[PDB]
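All remarks here apply to the structure that follows.
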Amino acid sequence: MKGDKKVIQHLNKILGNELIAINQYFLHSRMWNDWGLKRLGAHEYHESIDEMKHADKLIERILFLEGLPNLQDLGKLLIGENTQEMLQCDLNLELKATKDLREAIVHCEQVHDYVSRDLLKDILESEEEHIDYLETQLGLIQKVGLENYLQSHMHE
Amino acid sequence: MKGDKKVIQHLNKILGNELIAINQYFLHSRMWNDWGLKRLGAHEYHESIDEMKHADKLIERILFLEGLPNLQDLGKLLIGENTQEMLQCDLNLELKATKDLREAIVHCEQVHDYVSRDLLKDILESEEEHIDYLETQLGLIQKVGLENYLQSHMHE
Amino acid sequence: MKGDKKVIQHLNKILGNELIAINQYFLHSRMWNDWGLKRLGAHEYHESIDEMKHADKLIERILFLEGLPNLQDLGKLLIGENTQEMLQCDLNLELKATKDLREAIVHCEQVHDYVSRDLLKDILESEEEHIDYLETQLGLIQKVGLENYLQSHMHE
Amino acid sequence: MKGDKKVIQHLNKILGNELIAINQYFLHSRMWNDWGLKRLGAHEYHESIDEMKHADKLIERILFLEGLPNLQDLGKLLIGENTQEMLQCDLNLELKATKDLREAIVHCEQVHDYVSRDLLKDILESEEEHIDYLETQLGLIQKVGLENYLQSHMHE
Amino acid sequence: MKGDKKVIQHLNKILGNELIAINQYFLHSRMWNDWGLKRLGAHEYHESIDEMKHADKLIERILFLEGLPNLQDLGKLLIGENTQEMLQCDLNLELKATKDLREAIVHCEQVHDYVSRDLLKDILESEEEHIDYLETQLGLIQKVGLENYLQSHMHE
Amino acid sequence: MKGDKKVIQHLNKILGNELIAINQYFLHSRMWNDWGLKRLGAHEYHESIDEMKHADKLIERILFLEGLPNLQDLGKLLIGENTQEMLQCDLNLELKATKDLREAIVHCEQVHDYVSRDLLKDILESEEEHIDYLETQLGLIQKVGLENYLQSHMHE
Amino acid sequence: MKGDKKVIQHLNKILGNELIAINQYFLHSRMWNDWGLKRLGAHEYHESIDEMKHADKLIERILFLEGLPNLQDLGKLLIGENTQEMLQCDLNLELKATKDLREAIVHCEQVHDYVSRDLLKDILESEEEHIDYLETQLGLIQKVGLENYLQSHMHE
Ligand code: HEM
Ligand code: HEM
Ligand code: HEM
Ligand code: HEM
Ligand SMILES: O=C1NC(=O)c2c(NCCCc3cccc(O)c3)cccc21
Ligand SMILES: O=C1NC(=O)c2c(NCCCc3cccc(O)c3)cccc21
Ligand SMILES: O=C1NC(=O)c2c(NCCCc3cccc(O)c3)cccc21
Ligand SMILES: O=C1NC(=O)c2c(NCCCc3cccc(O)c3)cccc21
Ligand SMILES: O=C1NC(=O)c2c(NCCCc3cccc(O)c3)cccc21
Ligand SMILES: O=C1NC(=O)c2c(NCCCc3cccc(O)c3)cccc21
Ligand SMILES: O=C1NC(=O)c2c(NCCCc3cccc(O)c3)cccc21
Ligand SMILES: [Fe+2]
Ligand SMILES: [Fe+2]
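Chains as they are written, first to last, in UniProt numbering: chain A, 1 to 156; chain B, 1 to 156; chain C, 1 to 156; chain D, 1 to 156; chain E, 1 to 156; chain F, 1 to 156; chain G, 1 to 156.
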């Protein structure tokens, strides 16, 4: 079904953000596992899988709309050097992602692609849940102290 | 069954206290959940539910006694800005509540409304259990330190 | 996540409406039970519980958006003196509630808070189902007569 | 298998009757549900489904006989404005339906299409069962009064 | 264990009231069953059984306190001749019973027979539940009309 | 609940499209079954049933909004004479259907009927899934050839 | 455990190849699904997942050896425009991948990193299995003809 060209451009932009997130979260997960912080490693793994599932749905939608899904261009990964930095890098990425999702929803609404809007709204709900998690973790570091925070994320 | 008018006023005063506590504990619960202190959030949620159940029983008793349950007047919520203050705010509310329960029981006994007394005694037992919980939490903060106390209440 | 100030004001207005409804429906439920109209009492209890669940979600969303949920201000309860009046009172409240929900959805759409809009849309679906129930009950009173209508609501 | 042309014309006439009945009964069912008369709504829904099943068998038989099933021409729906009228509209439609079924059976017998006759006889048995139901409901309205009759059809 | 003489006199007075209630409720139950009002008959049978259980506990307590339980001196049964009167007769009996229970509890408290008091308080709770049932039934007769009220009590 | 007059006109237009699709898909299903192409017949049957379910929800919404659902006017069925034509007829119908759904959603949004919008969005998601199916079938005929395509749809 | 610098460079080269394959196979999978060739889509999805698992093991090994896994550089995806081209693109990629794996194994052997060798040998076994699959499909296209080959991959 031939989609709106600018809708497809927006969907590819969202896909591009998800592809960054997949790799950033996967690498952060495996870093945390290597450091013995396996509760963080497992949670971050599940965040990476969630982004993979969003990317799949975007690819499927773009193809249905007779566009070409762009899996070739990978933007800049934001990789931290310690737990605090890694959490903040994920939050920085998520804030960019939600800004782009909102702009894409505006355009879908304008051209009456209500099904693409609904898909993006569902992804946005997942991204806001991730922001909630990240903001909460950063706040817990301040409340319990970094050493306690890391202690609490050693074991699954 | 026509109840004593002052018993009904006492029951409405206790109901008023329960209505404050429902909202205070529900808000404290959801604050703690938002902050990632999910064990505190869950415990405080169950405290809010318990006050809802007491309020139900008071409403039912007032109607049986042919009075009008007052759910319109809501007194001042005591909302803290951090965990220590929230616990003290709950304790301050509970101490007011048990004072008022004791005065209501005295009156029920004087007019021979022994069934209303039995209801209020059961509620008083619940409120003294809550006081026990709160005093214990405040004491634990002193024994283990605030950072450890909060750490222990991150995960359910 | 820092939410829009006016969105938070709208969510607090909806929450205020839900808090009125919780208490109005709970009292109506317990009045109907006291009168032996237990099918109405049970249905109205479930309506109160559903409003409690909506209030919970509103509180959680307001806190995520870094606002202060207002559980202190309680508006006017519309309490009837007989079944016909109680049902009409509930309907009057629901019609105010849906007006406020629609105005809140408009504003969420305009600041691109699509997740808050989705929550409010879900609440609006619930409130329109309640309107359907209420209009249907008032119509049945006319079709079967008041005595029969009440008879049919004695037994669960 | 090449069927008799007039048999196929009769089958298309019966199919036309069933298509009116599907839509009339479905609308009556949803009107009754909207009004809170759920037992009537459910029973009328099942009547609509039964007509759908008859239409299916007629379509299948017409195609086997190498005719074209007419799903395009929809005759006049008899929609009532209250329960009494709705039941009588259903009964008026059924009495026309059974007259047409008998005339079709006569013709099938004359040209030795005994399998089409058997199908039409089975449909006729179903339509006479519906007539029994309708006559019985109209009689009950007289015996128990309209308000009681409607009361008895509020709840499933 | 040697009981207070006046406590034992009070317990025998309460026992006498229960013995009246056993017979009154049992006869009302069987009258309602004979009339085809089986839901009333069954409910009233269970009321009679409850009074039998209270009488048992009073007899046991009196014997423990080394008194003689008086099962000989049966007071006046309040027997109605139609449903509304039978319910009112039960209510009149229950109101006398609860007045006597309160006076007995006062005396138990004065002489420190706290276990006798607790037994009487439990009986008082049961009798107030019966009062609630009775007042509710009388109110339902007013709200739904006598003919509907009786209709609703034909079947279990 | 008094709905917007023009919303109700749009819902009746969508309902009219669904009524065409029910009959067109049901007839195509039974044609394919008669020809021995039972996998197509079954799939097309389920498409017809899905349109029946959408029509039901539209009728229910129209009645709730105090409109009259139009089941009387039946537009033009697009009936093919072979598999390729039947699939393209279904696709032509679905493309008209989605255009009308988008126009209806625009209007519902403009008059703040967000619940009707949500219903129509869900229907649009179902219709876009049907368009995906149809486009895919037409493409498969080109890729595997008509003879193989039909072979693959003989057995359920 | 400090690894050999050149071993880590080889592991990152193999990782780089796996990252290309993940995306290439995922896109080919979703292209085939969009075209209705669901058995090819499913198989190609499982090939993508298998490459994801290999990449995970490489990332984990590189981190254990105190290197930095390179998830940032993504090489050229080889995307076909039809089934034959897509299969050949996958085969071309696999043949480059196995050449790189053999060179990496040579070096691991030379510096006595026998555990890294064993990991790469297991990956090489998987990639040769994929080559077997791909060569076999290309051969089947020649033996059964493209139309039959595609027909056989419509249904899972
Ligand atoms: C650095 C790149 C990637 C890595 C390391 C990776 C890793 C993984 C792993 C380890 C799994 C779990 C497999 C299992 O044990 O069953 C998985 C699942 C999955 N991956 Fe990836 N993946 C990557 C990229 C992608 C991409 C780009 C996509 C899609 C565009 C994707 C889509 C999926 C899907 C759909 C699943 C299945 C999730 C589920 O339903 O459980 N992955 N991935
Ligand atoms: C008059 C004030 C209230 C009364 C009398 C009341 C009463 C009740 C009762 C009796 C229950 C069922 C408890 C059980 O047996 O499990 C309940 C559940 C609940 N209440 Fe309330 N409540 C009140 C106010 C509130 C408020 C203000 C909130 C939130 C803002 C709230 C949130 C809840 C929730 C979330 C549940 C559990 C619902 C479920 O998932 O089943 N309630 N309430
Ligand atoms: C001193 C007076 C009475 C006492 C203390 C007494 C006590 C009891 C007790 C303790 C039970 C067992 C209840 C249970 O645990 O389920 C019982 C059952 C019963 N009583 Fe009485 N009762 C008395 C008089 C009567 C009278 C006057 C009648 C009838 C006219 C009666 C009819 C029954 C019946 C029908 C049962 C159920 C028996 C069965 O089917 O198991 N009772 N009674
Ligand atoms: C106003 C038009 C119609 C409406 C609203 C409608 C509605 C429905 C609904 C709601 C169902 C049940 C679906 C489910 O939950 O599984 C159904 C079933 C069915 N319909 Fe219709 N329908 C319509 C017209 C037709 C027509 C014209 C035919 C055939 C000529 C038909 C044939 C069937 C059949 C065979 C079933 C399955 C019944 C069974 O075996 O349980 N329908 N319909
Ligand atoms: O990252 C990438 N996404 C892409 O589509 C892509 C390439 N595609 C070449 C056209 C293939 C084709 C044909 C017909 C229907 C289709 O859907 C696709 C090539 C390189 C990279 C990418
Ligand atoms: O918080 C509140 N509690 C209440 O009762 C109430 C109001 N009551 C007005 C009607 C009371 C009535 C009259 C006649 C028969 C009855 O059964 C009851 C009104 C506002 C607020 C409240
Ligand atoms: O109904 C009510 N809702 C409220 O929030 C409230 C009150 N809030 C006091 C400050 C809460 C605070 C402070 C700092 C950081 C936080 O995260 C939260 C006070 C009274 C009543 C209410
Ligand atoms: O296709 C059709 N849809 C319809 O509603 C309809 C007809 N309606 C007659 C009045 C229904 C009525 C009256 C009063 C209160 C109500 O609630 C409903 C008549 C013919 C065809 C249709
Ligand atoms: O209704 C009546 N209740 C009675 O107790 C009673 C009678 N009691 C005679 C003495 C029984 C007794 C009790 C305890 C220890 C003993 O050694 C003996 C005689 C007639 C009627 C009654
Ligand atoms: O079989 C029987 N044994 C009896 O005592 C009895 C009757 N007594 C009537 C007394 C005064 C009265 C009158 C009306 C209701 C009452 O509750 C009381 C009367 C009839 C049968 C019996
Ligand atoms: O309501 C309707 N019923 C119908 O058959 C129909 C139409 N038929 C078009 C030709 C079907 C065809 C052609 C060749 C071989 C076949 O086996 C079948 C057209 C419009 C409406 C209807
Ligand atoms: Fe009746
Ligand atoms: Fe073949």
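Don't be surprised by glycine CBs; every beta carbon is placed ideally from N, CA and C.
Problem set entry | G/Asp-100 versus A/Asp-73: straight-line alpha-carbon distance, rounded | 23 Å
For this session: Quick one: residues in its chain with C-beta nearer than 8 Å to the C-beta of F/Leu-91, no 5 flanking neighbours on either side, listed in chain order?
Result: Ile-131, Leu-134, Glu-135 and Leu-138
Exercise. Does the Cβ-Cβ distance between F/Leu-27 and F/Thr-83 come in under 8 Å?
Worked result: no
Problem set entry | Same chain only: Cβ atoms within 6 Å of G/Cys-89, ignoring 5 sequence neighbours per side | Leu-78 and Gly-80
For this session: Measuring only between beta-carbons, confirm whether C/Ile-62 sits less than 8 Å from chain F.
Result: no
Exercise. Does B/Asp-118 get closer than 8 Å to chain E when you measure Cβ to Cβ?
Worked result: yes
Exercise. According to a CB-to-CB cut-off of less than 8 Å, which residues of the segment 126 to 150 of chain B neighbour chain A?
Worked result: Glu-147, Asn-148 and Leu-150
Problem set entry | Cα-Cα separation, B/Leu-93 to E/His-54 | 40 Å
Problem set entry | Span separating the alpha-carbon of C/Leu-19 from that of C/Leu-58 | 11 Å
Problem set entry | Those residues, in chain order, that have a beta-carbon closer than 5 Å to some heavy atom of ligand 10 | E/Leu-78 and E/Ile-79
Problem set entry | Contact check, B/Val-7 vs B/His-107, beta carbons under 8 Å | yes
Exercise. At least one CB of chain B closer than 8 Å to the CB of A/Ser-48: is that the case?
Worked result: no
Exercise. Among E/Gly-3, E/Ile-22 and E/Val-144, which residue has its Cα nearest to the Cα of E/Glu-60?
Worked result: E/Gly-3
Exercise. According to DSSP, is B/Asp-4 helix, strand or coil?
Worked result: coil
Exercise. Going along chain D, which residues have a C-beta under 7 Å from F/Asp-34?
Worked result: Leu-63 and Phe-64
Exercise. Can you check whether the CB of D/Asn-17 is closer than 8 Å to the CB of D/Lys-121?
Worked result: no
Exercise. Should C/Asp-132 be listed as close to ligand 3, given that the test is whether its C-beta is under 7 Å from any heavy atom?
Worked result: no
Exercise. Whole alpha helix (DSSP H) runs in the segment 77 to 144 of chain G with 4 or more residues, listed along the chain?
Worked result: 83 to 110 and 114 to 144
Exercise. With a cut-off of 8 Å, does the C-beta of B/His-112 fall near any C-beta of chain E?
Worked result: yes
Exercise. Can you find a heavy atom of ligand 7 that lies under 7 Å from the Cβ of E/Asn-23?
Worked result: no
Exercise. Of the choices A/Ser-116, A/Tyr-25, A/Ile-22 and A/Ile-105, whose alpha-carbon is the least far from that of F/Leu-124?
Worked result: A/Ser-116
For this session: Grab me the residues of G/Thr-98's own chain with a C-beta within less than 8 Å of its C-beta, minus the 5 sequence neighbours each way, in chain order.
Result: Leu-124, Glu-127, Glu-128 and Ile-131
Exercise. Of all Cβ atoms in chain A, is any one closer than 8 Å to the Cβ of B/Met-86?
Worked result: no
For this session: Kindly indicate which three-state DSSP category A/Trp-35 falls into: helix, strand or coil?
Result: coil
For this session: Could you round the C-beta distance between B/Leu-65 and C/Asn-23 to whole angstroms and report it? I think they count as a contact, below 8 Å.
Result: Not a contact, Cβ separation roughly 20 Å.
Exercise. If the cut is a Cβ gap below 8 Å, which residues of chain B does E/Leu-19 touch?
Worked result: Going along chain B, no residue has its Cβ under 8 Å from E/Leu-19, so there is no contact; the nearest lies around 22 Å.
For this session: Measure from the alpha carbon of F/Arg-30 to the alpha carbon of each residue in D/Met-86, D/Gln-110, D/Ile-141 and D/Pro-69, then state which is nearest.
Result: D/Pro-69
Exercise. Roughly how many whole angstroms lie between the Cα atoms of G/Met-154 and F/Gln-142?
Worked result: 13 Å
Exercise. Who are the near neighbours of D/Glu-109 in its chain, counting only those whose CB is closer than 7 Å to its CB and skipping five residues on each side?
Worked result: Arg-117
For this session: Leaving out five residues on either side along the sequence, give the residues of the same chain with a beta carbon under 6 Å from the beta carbon of C/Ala-42.
Result: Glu-156
Exercise. In chain order, what residues of the same chain lie with their CB nearer than 6 Å to the CB of E/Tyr-25, ignoring the 5 residues before and after it?
Worked result: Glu-44, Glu-47 and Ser-48
Exercise. Applying a beta-carbon distance threshold of less than 7 Å, which residues of chain F neighbour D/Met-31?
Worked result: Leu-63
Exercise. Could one say the Cβ of F/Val-115 lies closer than 8 Å to chain C's Cβ atoms, at least one of them?
Worked result: yes
Exercise. How many Å lie between F/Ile-62 and F/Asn-12 at the Cα?
Worked result: 8 Å
Exercise. Using a threshold of 7 Å, is the CB atom of C/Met-52 nearer than that to any non-hydrogen atom of ligand 2?
Worked result: yes
Exercise. Can you round the beta-carbon distance between B/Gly-36 and A/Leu-140 to whole angstroms, since I take them to be within the 8 Å contact cut?
Worked result: 5 Å
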